[PDB]
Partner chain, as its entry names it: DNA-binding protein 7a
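Below sits a lone chain in structure tokens, taken as the form solved without the partner chain.
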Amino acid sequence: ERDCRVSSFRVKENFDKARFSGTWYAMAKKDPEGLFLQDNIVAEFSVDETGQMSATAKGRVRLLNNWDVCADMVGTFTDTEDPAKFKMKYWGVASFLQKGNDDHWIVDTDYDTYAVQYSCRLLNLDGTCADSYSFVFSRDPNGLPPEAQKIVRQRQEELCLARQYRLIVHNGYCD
């Protein structure tokens, strides 16, 4: 019944880079395959004079049960036809020689309480996503207001990721 094709997904109409800048706290996430930030995930977006968006993400990464590292990462975004859909060239500060490259879609946001982000790394033949990740961001790490809660839940379901998100802890672990 539900249309889960990635090309059918709506994103933030008239997305505004300047308003989106500043600190964002990831409170929930749906994982992709492979190694990935685990928790204490804080993103700091910013827009330079020329108007190109970039961001830094810090977070705990599990190497062993015995060993974690606070991985500082950096991202730089490239605009497309759609102002909510970017191409994020990203990397760890140590491994800056080595870089990854993802879709980065701002699915929805109100700029001052919540944001829903999404990325498809691989399509199935039917157009649905085979490997996706999604962050639920918040300006306040104590939670989202009632209207944000309703919207996030609605968007999570429309991305066909209902009940696939997991809550993320914030402990000042990477301060």
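Numbering follows the first chain given and starts at 1. Shifts are known only where both forms have a C-alpha. We call the rigid core whatever largest set of C-alpha positions still superposes within 1.5 Å between the two forms.
The PDB entry records a higher mean C-alpha B factor for 63 to 71 than for its counterpart among 63 to 71 and 102 to 110.
Looking at mean Cα B-factors across 22 to 30 and 41 to 49, the upper value is held by 41 to 49. When the modelled residues of the chain are ordered by C-alpha B-factor, residue 58 sits in the highest third.
Keep in mind the form deposited with the partner chain bound is missing from the figure; the text below concerns it.
Proximity to the partner chain in the bound PDB entry, defined as a heavy atom within 4.5 Å, singles out one entry of 139, 30, 58, 121, which is 58. Proximity to the partner chain in the bound PDB entry, taken as heavy atoms within 4.5 Å, picks out 62 to 70 from the listed stretches 42 to 50, 128 to 136, 62 to 70, 106 to 114. Here the marked residues 35, 96 and 173 all reach the partner chain in the bound PDB entry, each with a heavy atom within 4.5 angstroms.
Contacts of stretch 128 to 147 with the partner chain in the bound PDB entry, defined by any heavy atom lying within 4.5 Å, are made by none of its residues. With the core superposed, residue 93 shows a C-alpha displacement below 2 Å between the shown form and the other one.
In the bound PDB entry, the CA atoms of residue 72 and residue 97 sit closer together than in the displayed form, by at least 3 angstroms.
The distance between the CA atoms of residue 136 and residue 98 is at least 3 Å shorter in the bound PDB entry than in the form shown here. When the two forms are overlaid on the core, a lone consecutive residue run of 3+ whose CA positions all differ by 2 Å or more between the shown form and the other one maps to 94 to 99.
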